[PDB]
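S.K.: Part one of the assembly, not moved from where it sits:
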Amino acid sequence: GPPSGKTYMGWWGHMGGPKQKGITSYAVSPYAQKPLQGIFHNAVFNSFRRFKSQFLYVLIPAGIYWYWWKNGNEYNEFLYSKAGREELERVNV
């Protein structure tokens, strides 16, 4: 077939990024490393840092929507009781 429209990604040898000069990388084999030394000092010390950074953006919305749900229940509980029969008659019509 023919070539198609060009993209923002290529393949191995020509990936389309900028040219690199002056960066050096080092590594070691897995067979030469001690087994999994990365589970602990990571499930307590690091996992707590990740929790403390982001828990405020979830729990303030959750607190708003859960408080709104309970006040709706308790009011519906009350309207269909014997004490809340007179208020049920008004807010319907």
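M.R.: Everything's here; your move. Numbering: from 1, shown residues only, chains lettered A, B, ... in the order given.
S.K.: Please count neighbours and contacts with C-alpha atoms only from this point.
M.R.: Will do.
S.K.: Burial check on residue A:80, number of neighbours?
M.R.: 13 (other CA atoms under 10 Å).
S.K.: Could you verify my assumption that it touches residue A:86?
M.R.: No. Shown here, residue A:80 and residue A:86 do not form a contact pair, counting by CA atoms under 8 Å, at 9.9 Å.
S.K.: Residue A:53 versus residue A:47, what's the distance?
M.R.: Distance of residue A:47 to residue A:53, given as CA to CA, to the nearest Å: 10 Å.
S.K.: just residue A:21 next, same as before
M.R.: From residue A:21 to residue A:53 the distance is 36 Å (CA to CA).
S.K.: higher neighbour count, those two?
M.R.: Between residue A:21 and residue A:53, counting by other CA under 10 Å, residue A:53 is the more crowded of the two (9 against 6).
S.K.: and the gap between the more buried one and residue A:68?
M.R.: To residue A:68, residue A:53 is 26 Å away according to CA to CA.
S.K.: Buried ones in stretch A:32-51, by neighbour count?
M.R.: Within stretch A:32-51, not a single residue qualifies as buried, counting by 16 or more other CA atoms under 10 Å.
S.K.: Can I get it in PDB, CA atoms only?
M.R.: As requested, the backbone C-alpha atoms of stretch A:32-51 are provided in PDB (Å, rounded to 0.1, in the frame of the first residue of the first chain):
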ATOM      1  CA  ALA A  32      22.600  -9.700  40.500                       C
ATOM      2  CA  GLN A  33      20.200  -7.900  42.800                       C
ATOM      3  CA  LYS A  34      18.800  -9.000  46.100                       C
ATOM      4  CA  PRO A  35      15.200 -10.300  46.000                       C
ATOM      5  CA  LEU A  36      12.500  -7.600  46.100                       C
ATOM      6  CA  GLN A  37      14.100  -5.100  48.800                       C
ATOM      7  CA  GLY A  38      11.400  -2.600  47.700                       C
ATOM      8  CA  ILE A  39       8.100  -3.800  49.300                       C
ATOM      9  CA  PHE A  40       8.900  -2.600  52.900                       C
ATOM     10  CA  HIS A  41      10.000   0.900  53.600                       C
ATOM     11  CA  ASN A  42       7.500   1.500  50.800                       C
ATOM     12  CA  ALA A  43       4.200   0.100  52.200                       C
ATOM     13  CA  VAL A  44       4.400   2.300  55.300                       C
ATOM     14  CA  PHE A  45       6.800   5.300  54.800                       C
ATOM     15  CA  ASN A  46       6.100   6.000  51.200                       C
ATOM     16  CA  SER A  47       2.400   4.900  51.100                       C
ATOM     17  CA  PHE A  48       1.700   7.400  53.800                       C
ATOM     18  CA  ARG A  49       3.300  10.300  51.900                       C
ATOM     19  CA  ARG A  50       1.200   9.400  48.900                       C
ATOM     20  CA  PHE A  51      -2.000   9.300  51.000                       C
END
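S.K.: And residue A:31, which helix or strand is it part of?
M.R.: Using DSSP states H and E, residue A:31 maps to neither a helix nor a strand.
S.K.: Give me the number of neighbouring residues for residue A:60.
M.R.: Count around residue A:60 with other CA under 10 Å applied: 10.
S.K.: what kind of secondary structure is it in?
M.R.: Recorded secondary structure, residue A:60: helix (DSSP: H, G, I helix; E, B strand; the rest coil).
S.K.: Next: residue A:37.
M.R.: coil.
S.K.: gap between it and residue A:77?
M.R.: Counting by CA to CA, the gap from residue A:37 to residue A:77 is 55 Å.
S.K.: Residue A:16 too?
M.R.: Counting by CA to CA - residue A:16 and residue A:77 are separated by 64 Å.
S.K.: Equivalent analysis for residue A:25, please.
M.R.: For residue A:25, the distance to residue A:77 - CA to CA - is 66 Å.
S.K.: Out of the two, name the residue with the larger neighbour count.
M.R.: Looking at residue A:25 and residue A:77 with other CA under 10 Å, you find the greater number of neighbours at residue A:77, namely 11 against 4.
S.K.: Which helix or strand contains the more buried one?
M.R.: Here residue A:77 is assigned to helix A:56-79, by DSSP H and E.
S.K.: let's put chain B on the structure above:
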Amino acid sequence: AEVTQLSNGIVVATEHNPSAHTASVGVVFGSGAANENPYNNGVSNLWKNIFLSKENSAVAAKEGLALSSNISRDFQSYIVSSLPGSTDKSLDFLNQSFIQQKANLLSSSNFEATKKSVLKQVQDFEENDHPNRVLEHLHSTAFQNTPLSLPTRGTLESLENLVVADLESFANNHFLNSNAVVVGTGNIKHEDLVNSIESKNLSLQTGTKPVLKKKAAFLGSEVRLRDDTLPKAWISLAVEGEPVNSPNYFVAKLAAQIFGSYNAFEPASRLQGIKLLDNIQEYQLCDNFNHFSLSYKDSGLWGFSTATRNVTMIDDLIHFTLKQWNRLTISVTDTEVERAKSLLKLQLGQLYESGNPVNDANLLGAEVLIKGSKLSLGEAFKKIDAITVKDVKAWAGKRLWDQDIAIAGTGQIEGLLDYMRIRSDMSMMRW
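M.R.: Below is chain B, added to the chains above:
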């Protein structure tokens, strides 16, 4: 030829050749780059250029003398050459440069000009000579944090912080009679050399060099130096191999000759009996490769180096080459073993029976320093002729099959994949 060693306090070795028109005399020390630390890396390279400096060489050229020197990982050399009937002057010149008067050479003016000359050699090496500096980085990651990792020329960062006192300290600890061999090659008789030394009462320094704490240890690792402005990719790859004084010394050398060396632009090199060339030549994956088996006092390396311009098919070149290595354990033919026997003998004959007495002086001194004597070339041929197909499979299953690797590269190496995709190709497991 026939060698002859003695010990009158000084170890004297000789290899006479009545056909030569020259004679070489020198001294070889049993310390090199592997007997240094990262702070003084390059101090042996400065002693080379102080010996070859202009005011020292001028004194030699007035009597008909030429100088040479060579720095390697396990030894160092200082040779003087002359006509056959002038070898008595060669020893006197060597007397007033090492045994006496190596302070006139370390003057202030001679040390600053020499230093500036060495800083410019190592700078042009790191920016223009890509095949050799990638092979230096291979030794530096494979043997990291051990003495066998340090480069033989030094680095630009450690060279700048070297003063005269660093040169004098290194000489007091290593240029010793216990660590030295006096050699002679070409047209020189063994008895004429020893009687000339006895008539002078020479003694460099007594002995007991330092201890060298750590041993060499191979580590599987990689180092990548990416540069997208250069036009090729240069790669080297090796496993742990054999040291000298190993029983498998010649079996490792023979297994490298099975895959050999290649040049794409020479017509006869495309016709070699190497099965790997049927895969490479279809799409022209490389320009050249060469297989090596290097050997030192404590460890070794076995592998290959390559250079290519097909920067999109690098993974197919590395893949096809490692699938042939597997055949040494599984399926290697008797024909492949007999070809490699014949060419290895030709390779060793050219190295040891060249014409240059300077090359023969370096080989002799290094061998006598490390095993006490020199093996003949007629005895080495008999060992090579006694290697079987079963011996290659036993060696490969120990050293190659499912073993860690060391890698280094520079240039356009974006297409060189991760370590574990390459580590996995060392065992077939379709088997």
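S.K.: please look at the buried residues of stretch A:32-51 again, because chain B has been put in.
M.R.: Neighbour counts over stretch A:32-51 (16 or more other CA atoms under 10 Å in any protein chain shown) mark no residue as buried.
S.K.: and if you look at stretch B:241-251?
M.R.: Neighbour-count burial for stretch B:241-251, with 16+ other CA under 10 Å as criterion, is recorded at B:241-244, B:248-251.
S.K.: just stretch B:297-311 next, same as before
M.R.: Buried-residue list, stretch B:297-311, by 16+ other CA under 10 Å: B:297, B:299-311.
S.K.: which ones among those are found in strands?
M.R.: Residues of these located in strands (DSSP state E): B:300-308.
S.K.: Among these, which one sits closest to chain A?
M.R.: residue B:308 (12.7 Å; CA to the nearest CA).
S.K.: Quickly find the element holding the residue in chain A sticking out farthest from the centre.
M.R.: Most distant residue from the mean C-alpha position of chain A: residue A:86, 46.2 Å away (CA atoms, centre = their mean). Element membership of residue A:86, judged by DSSP H and E, is helix A:85-92.
S.K.: From the buried residues of stretch B:297-311, pick the one nearest residue B:424.
M.R.: Nearest to residue B:424 among the buried residues of stretch B:297-311: residue B:303, at 16.4 Å, using CA to CA.
S.K.: So for the closest one, what's the nearest residue that isn't a sequence neighbour?
M.R.: Leaving aside its sequence neighbours, residue B:303 sits nearest to residue B:238 (CA to CA, 6 or more residues apart in numbering or on different chains; 4.1 Å).
S.K.: residues in contact with residue B:129?
M.R.: Under the criterion of CA atoms under 8 Å, 6 or more residues apart in numbering or on different chains, residue B:129 has no neighbours.
S.K.: gap between residue A:36 and residue B:282?
M.R.: Applying CA to CA, the value for residue A:36 to residue B:282 is 44 Å.
S.K.: Ok, residue A:68 next?
M.R.: Counting by CA to CA, the gap from residue A:68 to residue B:282 is 73 Å.
S.K.: If you count surrounding residues, which of these two has more?
M.R.: More neighbours surround residue A:68 than the other of residue A:68 and residue B:282, with 11 against 8 (other CA atoms under 10 Å in any protein chain shown).
S.K.: any idea how far the more buried one is from chain B?
M.R.: Distance, residue A:68 to chain B, by CA to the nearest CA, to the nearest Å: 53 Å.
S.K.: Which of the three states applies to the residue nearest to residue B:91 when sequence neighbours are not counted?
M.R.: Distances taken as CA to CA, 6+ apart place residue B:25 nearest to residue B:91, at 7.3 Å, with adjacent residues excluded. The local conformation at residue B:25, judged by three-state DSSP, is strand.
S.K.: Run a quick neighbour tally on residue B:25.
M.R.: With neighbours defined by other CA under 10 Å, the count for residue B:25 comes to 25.
S.K.: can you check residue B:77 too?
M.R.: Counted with other CA under 10 Å, the neighbours of residue B:77 add up to 23.
S.K.: I'd assumed residue B:26 was in contact with it.
M.R.: Yes. Using CA under 8 Å, residue B:77 is in contact with residue B:26, at 7.4 Å.
S.K.: Let me see the contact set for residue B:43.
M.R.: Counted by CA under 8 Å, 6+ apart, residue B:43 has contacts B:154, B:159, B:162, B:166-167, B:170.
S.K.: make that residue B:236, sorry
M.R.: By CA under 8 Å, 6+ apart, the contact list for residue B:236 reads B:134-135, B:138, B:303-306, B:407-409.
S.K.: Close to chain B: what parts of chain A are there?
M.R.: Contact residues (CA under 8 Å from any CA of the partner chain) of chain A with chain B: A:12-14, A:19-29, A:32.
S.K.: Which of those residues are buried, as a ChimeraX select command?
M.R.: In ChimeraX, a selection of the buried entries from these looks like this (16+ other CA under 10 Å):
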select /A:12,13,28,29
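S.K.: And the residues of chain A next to chain B, which is closest to residue B:214?
M.R.: Nearest to residue B:214 among these is residue A:32, at 18.9 Å by CA to CA.
S.K.: Correct me if wrong: residue B:24 contacts residue B:79.
M.R.: Yes. Contact criterion CA under 8 Å: residue B:24 and residue B:79 qualify, at 6.8 Å.
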